[PDB]
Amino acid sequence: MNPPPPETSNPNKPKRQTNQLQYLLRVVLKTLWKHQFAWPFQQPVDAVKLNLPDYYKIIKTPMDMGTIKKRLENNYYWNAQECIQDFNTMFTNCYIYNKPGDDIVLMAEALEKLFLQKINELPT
């Protein structure tokens, strides 16, 4: 058993764009998603199939770019900060679980640099 994936639809929430949320989807997510190091982050960590028996012991808030993509596409987030918080969680999870020398960590770090390059140019 893996946790259910995070919720991605918010049925009773009305649709509202913001400049920031449009930027997060069309610029930030789009750039990260197509990067060559995206693939370990494109879907929830399957701790069963990946054989990480301690993964949910260590990680209390699973998060991934597949979930973030869908939340953005579904206008799940009320604001840009919620979305940014999910990216931060995703990277945090990687850095607190994996060993510092691991390729997955260096991949995360490459992605996070890009995320931050782009979040620095965020609109308001």
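For every residue, the number given is its place in the sequence shown, counted from 1. Between two forms, the rigid core is the largest collection of C-alphas that superpose within 1.5 Å.
**Q** In 7 other deposited structures of this protein, superposed on the rigid core, which stretch sits farther off in Cα RMS terms, 104-112 or 11-19?
**A** With the rigid core superposed, the C-alphas that lie farther in 7 other deposited structures of this protein are those of 11-19.
**Q** Between 48-56 and 35-43, which has the larger RMS C-alpha deviation from this form in 7 other deposited structures of this protein after core superposition?
**A** The answer is 48-56, which departs more from the shown form in 7 other deposited structures of this protein.
**Q** Tell me which stretch has the larger mean Cα B-factor in this entry, 47-55 or 22-30.
**A** 47-55 has the higher mean C-alpha B-factor.
**Q** Taking only the CA atoms, which stretch has the higher mean B-factor in the record, 56-64 or 85-93?
**A** Stretch with the greater average CA B-factor: 56-64.
**Q** Ordered by C-alpha B-factor within the chain, which third holds residue 70? Give me lowest, middle or highest, please.
**A** Answer is lowest: the recorded C-alpha B-factor places it there.
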